[PDB]
Every structure is written in structure tokens, then in C-alpha cells.
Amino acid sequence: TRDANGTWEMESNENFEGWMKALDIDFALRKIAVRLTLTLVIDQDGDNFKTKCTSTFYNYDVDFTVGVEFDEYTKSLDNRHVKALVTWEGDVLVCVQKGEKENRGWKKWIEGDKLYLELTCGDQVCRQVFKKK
């Protein structure tokens, strides 16, 4: 269950607005984001990942190597500098983003053709589920 390769289509998205509000994204743009169809495209080779989230108005890409800290500028989101680090905790892929916000990061659970994603910031957790296309 350590294979996240694929195109992933959203099945559920809970507390999306609370998570976006914790990150301080504009109320008006949060309203638009909650209606957009989001597609997750992941390419994974060894320790190297390319992750792409696509919608009609907002796009987000990140590339990283498991175990190698990297500087991340969330130019597409809340426009903050964080020190990001992605690791394996068993079969869970864990990202911690050190910076202004506490408890910032995300976890992914690849159970066959289903991907569970939890985005955290502060006291907010957004839970998403995707199915491999």
C-alpha cells in the first residue's frame, strides 16, 4: 500500500472550509474553491514524488524526495514559507510543514484503489477520499 501512482478523483471532502479558514485564505475565494472539482495526479518513482492538484481556478504542484527537507512557498495557497519534509511512518506518507502555523502538514492512506488524505493546520483537519481512475 505504498504505491500512490495515478490519477485520483475526489469522492468526499469534509471540513474543507474550516481547513482553508485556518490557513487564512480569503472568504470569497474559499466559497469558489468549495465548488470546484479537484483532481489529484501523483507520479512516484523510488523516493521521488511529483504531486499535482488541478481544478479550473486553482492549481497546486509540489515535487519532493522522501526524507529530504525542502523549502516550500505556498504561492498558490496562503503564500507562506515553510520547511517541508515527507517521510514514511509505516505505510503512511506523512508531510510536516514547519513554519508559522502549528500542526501543519498532510497524511495519505493508499488502500488499494482508494486514497485517504488528511490536511491539517492548527486545530482543523480536512478529510478527503479519492478513487483511482
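When you see a residue number, it is the position in the sequence shown, counting from 1.
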Subject >> Higher-B stretch (mean Cα B-factor, as the entry records it), 119-127 or 20-28 >> reply: 20-28
Subject >> 52-60 versus 83-91 - greater average Cα B-factor per the deposited record >> reply: 52-60
Subject >> Chain third (lowest, middle, highest) by recorded CA B-factor, residue given as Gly99 >> reply: middle
Original post:
Should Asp43 be placed in the lowest, middle or highest third of its chain by the C-alpha B factor in the entry?
Top reply: middle
Original post:
Ranked by Cα temperature factor within the chain, is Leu36 in the lowest third, the middle third or the highest third?
Top reply: middle
